[PDB]
Structures are given as C-alpha cells and as structure tokens.
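# Report on the structure
Residue strings, one per chain:
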Amino acid sequence: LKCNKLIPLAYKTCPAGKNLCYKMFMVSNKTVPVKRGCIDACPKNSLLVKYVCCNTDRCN
C-alpha cells in the first residue's frame, strides 16, 4: 500500500509493518490535513487531533 505525502503529488510506500494509511488533522482546520503517513494499526481519534485511517491507495 502507498500513501500520499504532505504535498499532493509525492508518495511513499508503507514500511515494514505499516500497511495502512493515516492522516493527522488539527481542530485548527479539520478540513485540511496537518500530517500524512502510513500506520500499522488504525489509530484513535481525538478532540484536538482527528486521525483518519484508510486501506486505499493514495487515500490520504
């Protein structure tokens, strides 16, 4: 699986153990991402930072 980078054009494969994609959003703008990468296990969402996982290509 591959996930997009911070800038919508670059991407990187999810490392050993990481076969899931995730995105870190901040209350400041839940409509725009703060961080993007891959993850091993789908994380827990927060009130301040919202985490969204996906099992698709260039999902995030």
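This text follows the structure it describes.
In what follows, the accompanying structure is described.

What counts as what
- Residues numbered from 1 in each chain as written, not as in the entry; some residues may be left out.
- Heavy atoms only, no water.
- Helix = DSSP H or I, 4+ residues; strand = E, 2+ residues; numbered from the N terminus.
- Rg over C-alpha atoms; globule rule 2.2 N^0.38 Å.
- Buried < 20%, exposed > 50% of the residue type's maximum accessible area, 1.4 Å probe, protein only.
- Areas by Shrake-Rupley, 256 points an atom, 1.4 Å probe, with all protein chains shown as cover.
- Disulfide = S-S within 2.5 Å.
- Core = buried A, V, L, I, M, F, W, Y, C linked by side-chain atoms within 4.5 Å.
- Contact = heavy atoms within 4.5 Å.

The subject of this paragraph is the overall build of the chain. Counting its secondary structure elements, the chain contains zero helices and five strands. Reading the chain from its N end, one meets helices and strands in the order β-β-β-β-β. In terms of overall dimensions, the chain is globule-like: its C-alpha atoms have a radius of gyration of 11 Å, near the 10 Å expected for 60 residues. A principal-axis box enclosing the C-alpha atoms of the chain has dimensions of 30 × 25 × 15 Å. Each of the 60 residues in the chain was classed as buried or not, and the buried ones make up 25%. Counting every atom, the chain has about 4200 Å² of accessible surface; 58% of that belongs to carbon and sulfur.

Next up on the list: the state of the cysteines. All told, the structure shown has five disulfides when counted by the stated rule. Through a disulfide, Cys 3 is tied to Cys 38; the S-S separation comes to 2.4 Å. Given an S-S torsion of about 120 degrees, the disulfide between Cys 3 and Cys 38 has right-handed geometry. Here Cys 38 lies in strand 4 (residues 29-39) and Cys 3 lies in strand 1 (residues 2-4), a separation of 35 residues in the sequence.

It is worth spelling out the nonpolar core at this point. By size, the foremost hydrophobic cluster in this structure holds five residues: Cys 3, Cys 14, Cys 21, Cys 38 and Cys 54. Sequence-distant contacts of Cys 54, defined by excluding residues within four places in its chain, comprise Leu 1, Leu 20, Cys 21, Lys 23, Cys 59 and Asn 60.

So, on to the environment of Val 49. Turning to its location among the elements, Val 49 is positioned in strand 5 (residues 49-54). With a relative accessible area of 11%, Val 49 lands in the buried category. Note: C-alpha distance between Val 49 and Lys 23 (26 residues apart in sequence) is 9.8 Å. Ignoring anything within four residues of it in the chain, the contact list for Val 49 reads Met 24 and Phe 25.

Nothing here speaks to function; it is geometry throughout.
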